[PDB]
Amino acid sequence: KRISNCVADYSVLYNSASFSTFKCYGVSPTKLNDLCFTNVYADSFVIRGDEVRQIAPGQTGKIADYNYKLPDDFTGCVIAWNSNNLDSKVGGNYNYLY
Amino acid sequence: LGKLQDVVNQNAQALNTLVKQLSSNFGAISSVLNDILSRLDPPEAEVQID
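Residues numbered from 1 in each chain as written, not as in the entry; some residues may be left out. Chains lettered and ligands numbered in written order. Part of a larger assembly, values for the part shown. Heavy atoms only, no water.

As recorded in the entry header, the structure was determined using cryo-EM to a resolution of 3.96 Å.

Chain B is annotated in the PDB entry as Spike glycoprotein,Fibritin,Expression Tag of Severe acute respiratory syndrome coronavirus 2.

Per the PDB entry, chain A goes by Spike glycoprotein,Fibritin,Expression Tag and derives from Severe acute respiratory syndrome coronavirus 2.

Laid out in structure tokens, this is it:
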């Protein structure tokens, strides 16, 4: 997703009190709110519970090296939460690939 | 005049090189110190500022 010609605030995207984890390798939402950025990108995907650990700048594994490599100069934020009541179902949910 | 021109040209070129030195990252991810502060937290971006 590409964010361009749009004015907004990240305060709403933080006070939900429902995100299990929050890994912004860059700046605090407020820190990146006071200043003005040129462009913002959104990379959304699904992952298991034992692979959120590997999504960090400077880590190895089987997902962070074969699907999405995080560079050293990574200034983005990672927002992750549990929504297992919608993207999973009884009998085996195999619609997601890796 | 050669003697009177070298002492001015050398100083001007040294000042220009001093200006150019601020345009290099010195092995960091950015040149200006404000960009890393705006894009990264000060506890983590201490190495680049150092």
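Let us keep going from here.
Asks: I tried to follow the interface of chain A and chain B on my own but got confused; where do I start?
Replies: Quoted interface sizes are often the accessible area lost when the parts come together. Each partner contributes to the interface: chain A provides 10 residues, whereas chain B provides 7 residues. Surface buried jointly by chain A and chain B totals about 600 Å² across both partners, of which 63% is contributed by carbon and sulfur atoms. Our count for the chain A to chain B interface comes out at 0 salt bridges. Along the lines of polarity and charge, the residues of the side of chain A that touches chain B split into 6 nonpolar, 2 polar and 2 charged. (Contact = heavy atoms within 4.5 Å. Buried area = accessible area lost by both parts, 1.4 Å probe. Salt bridge = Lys/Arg side-chain N within 4 Å of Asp/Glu carboxyl O. Nonpolar A, V, L, I, M, F, W, Y, C, P; charged D, E, K, R; others polar.)

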